[PDB]
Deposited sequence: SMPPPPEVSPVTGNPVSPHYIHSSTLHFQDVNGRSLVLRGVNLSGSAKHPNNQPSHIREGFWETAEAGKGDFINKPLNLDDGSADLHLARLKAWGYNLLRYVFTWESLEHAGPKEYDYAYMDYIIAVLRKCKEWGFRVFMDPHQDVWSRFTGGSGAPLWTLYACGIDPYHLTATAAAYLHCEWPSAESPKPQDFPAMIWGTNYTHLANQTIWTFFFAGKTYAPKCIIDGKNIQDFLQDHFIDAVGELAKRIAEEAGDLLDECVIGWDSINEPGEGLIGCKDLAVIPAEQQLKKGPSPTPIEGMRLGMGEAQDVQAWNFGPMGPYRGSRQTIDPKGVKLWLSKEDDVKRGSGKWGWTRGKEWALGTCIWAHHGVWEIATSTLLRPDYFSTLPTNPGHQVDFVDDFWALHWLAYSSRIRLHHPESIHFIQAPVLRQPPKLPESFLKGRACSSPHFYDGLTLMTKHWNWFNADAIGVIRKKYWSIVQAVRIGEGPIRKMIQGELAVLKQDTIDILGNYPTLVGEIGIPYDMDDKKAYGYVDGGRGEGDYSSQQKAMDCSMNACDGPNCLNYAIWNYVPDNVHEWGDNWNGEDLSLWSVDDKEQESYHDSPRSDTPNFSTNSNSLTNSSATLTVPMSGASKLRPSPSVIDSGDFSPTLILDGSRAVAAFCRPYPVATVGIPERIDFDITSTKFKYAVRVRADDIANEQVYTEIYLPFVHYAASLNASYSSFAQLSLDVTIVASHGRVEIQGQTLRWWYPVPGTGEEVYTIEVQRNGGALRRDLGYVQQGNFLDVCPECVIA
């Protein structure tokens, strides 16, 4: 690695993690692997406002409030250190830190919650004191909580001319708090993983088109003298930059040593950009479930007109058409009236709206996309090209997302000069070619991956299918994408993670890859493992959950040897409501599943209750792996049943190896302890070269580099006497 930064040309801190090659590297040239969790989804919503509670949901946000203090970690009751000790004891060295635009700018435009950013600083310092590397996640889901997920403050909806209280009657967004109606909600009946379909309902279809391309498809949406595009992007970027600046000015010791970089905006929605025909839902749209209006059908509903729409079920091979369904808004419109914009919109939050921004009527009709009098669609391919140049067919990633990233990454570097750009292309899209003028040899691909079949069906199936192959039309038929049996399924999923690596080197360059999100649902089979069904039979049996996560985790091993962050870790998770967000339940830990310095955790002299009590399928997500390596990682293999761990390293004659520069491997007590009834490893170790040493949950491996060329060394570990109970 170089002696100066490829971004600034200055010398680097000793803690610097290089991100200019296919692997993270410390200053001694050791390849680093960073593995951990997202902390935390609990930060998606304010205190006492879980997704399923409607009381106070709208009122507090209307008053400009947004109390996220002590999320994700309560710094007042001493629980924060225990949680971090548990994560560190599981061997994690990485945290994807979750924060929302709402939590920063809920009071109003440019009225930032500086107390909450100080809280974030206070949490990040504990993380630094516990030895975690962190990168920051500006997080959202289907734009905002008020459109069915998480992210942006309520006032952005009014800024877009939308009356939040008409979203349900229009079916422009499905809110857990208001399912099936705002009058008689039954949050527990909220269909599984339906919240994601909000991306293909009118509110998100509109707002995301504004955000990434307002100047192109909505040129008459002027707000404060700017197109809504700049209004929204400036305000989102300014907010995140305001947090980075604060950290830079008030806690600069965090930068690079702990906070190594910033993720791009989370899973950005595409809106209607690229829609080839507003009259149909393309067969390529992979996710359909429940009532699924086409774009024009949703717009007609947005004007209060009843529509008979197709409903979709999710079957073993993906969505398929069920029965048709009639949505009747009974005349209720989605669009804020002029009167309400004065009382609740522009006049309340403090902006001026342009004369040509028609209110109380559909904004796409106002731009000639369809005619309201006849309810007829006029320009079905309007988002397919540029109105100014119909010859150019749009690519959302290249033409709109990339331009946003350019402005976003610039701000990040402005306040965090040595920041790694963790590049998150839109879900299941390849990243764009980005200019080295902006990457500057300090970037990492941060794609997400989920076992999609397992996540939608909340079941570990005896079959599975190659999602990425289907998207890339690899197979003549979707049936040829199916695999049967653990082996084939695991090999298939490992091959899917390999595509993420291929995307990086082919497109971005010789940079590392890190799976920013990966995980499996624990609320499987109607919560049999929580004891909810079959007269309580199966309570505590996480066999299916353990196999699903073991398969996802194994996919990051093999030849991939990937960095990743598991989704997720929710201190306030419970069996009844899961993660308290849209019925998702992906937490590794729950108080409902229960029956201290850093130095003591490094010592291994802690109680086994810390690493097991409250965990779910801990055998799958707490695994051996090499934190730092002299050379390049070539292959990781770990087997729960036998506890057998095998790691191959490609060592090169030019690599640096000596007494203080060695390979370090985490060996979890969970799999290798003598007993879990001090704690100690009870293992047999076989190394092709060099010597080894054991203390706590840490294995140190000294070996010499080859005299010339490169050779592959191996180390094998296995618990004495089989696996634990």
Sequence ranges absent from the coordinates, based on the deposited chain and numbered from 1: 1-4, 600-639, 722-728, 777-797
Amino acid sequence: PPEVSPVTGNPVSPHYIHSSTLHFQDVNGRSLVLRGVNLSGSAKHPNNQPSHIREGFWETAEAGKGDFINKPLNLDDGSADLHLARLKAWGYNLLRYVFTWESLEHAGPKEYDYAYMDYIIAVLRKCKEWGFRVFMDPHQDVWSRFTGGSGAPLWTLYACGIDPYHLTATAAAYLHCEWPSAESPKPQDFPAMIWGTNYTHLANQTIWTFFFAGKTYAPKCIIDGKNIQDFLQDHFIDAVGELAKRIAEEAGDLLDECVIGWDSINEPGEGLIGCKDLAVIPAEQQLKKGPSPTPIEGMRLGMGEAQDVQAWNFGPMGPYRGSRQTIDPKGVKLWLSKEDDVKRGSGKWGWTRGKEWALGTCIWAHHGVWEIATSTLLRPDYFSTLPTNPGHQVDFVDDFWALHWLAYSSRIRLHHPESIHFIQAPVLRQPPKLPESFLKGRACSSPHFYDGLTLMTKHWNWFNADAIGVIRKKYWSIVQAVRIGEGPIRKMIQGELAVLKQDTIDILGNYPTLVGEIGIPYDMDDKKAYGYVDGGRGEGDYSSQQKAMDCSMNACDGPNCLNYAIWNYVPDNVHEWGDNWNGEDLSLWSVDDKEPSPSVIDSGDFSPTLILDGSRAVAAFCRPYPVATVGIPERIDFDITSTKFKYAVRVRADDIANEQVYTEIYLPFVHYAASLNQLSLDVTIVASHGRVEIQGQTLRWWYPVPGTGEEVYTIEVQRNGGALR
From here on, numbers count along this sequence of modelled residues.
If you average the CA temperature factors as listed in the entry, which stretch comes out higher, 365-373 or 228-236? 365-373
Taking the mean of the C-alpha B-factors per stretch from the entry, tell me the winner out of 178-186 and 536-544. 178-186
Kindly indicate the residue among 438, 408, 116, 211 with the greatest C-alpha B-factor in the PDB record. 438
Hey, out of 455, 555, 247, 299, whose CA B-factor is highest in the deposited coordinates? 299
Sorting the chain's CA B-factors, does residue 382 end up in the lowest, middle or highest third? highest
Of the three thirds of Cα B-factor ranks in this chain, residue 50 occupies the middle
Ranked by Cα temperature factor within the chain, is residue 56 in the lowest third, the middle third or the highest third? highest
Where the record places residue 476 (Cα B-factor, split into thirds across the chain): highest
Sorting the chain's modelled residues by C-alpha B-factor, tell me whether residue 27 ends up in the lowest, middle or highest third. middle
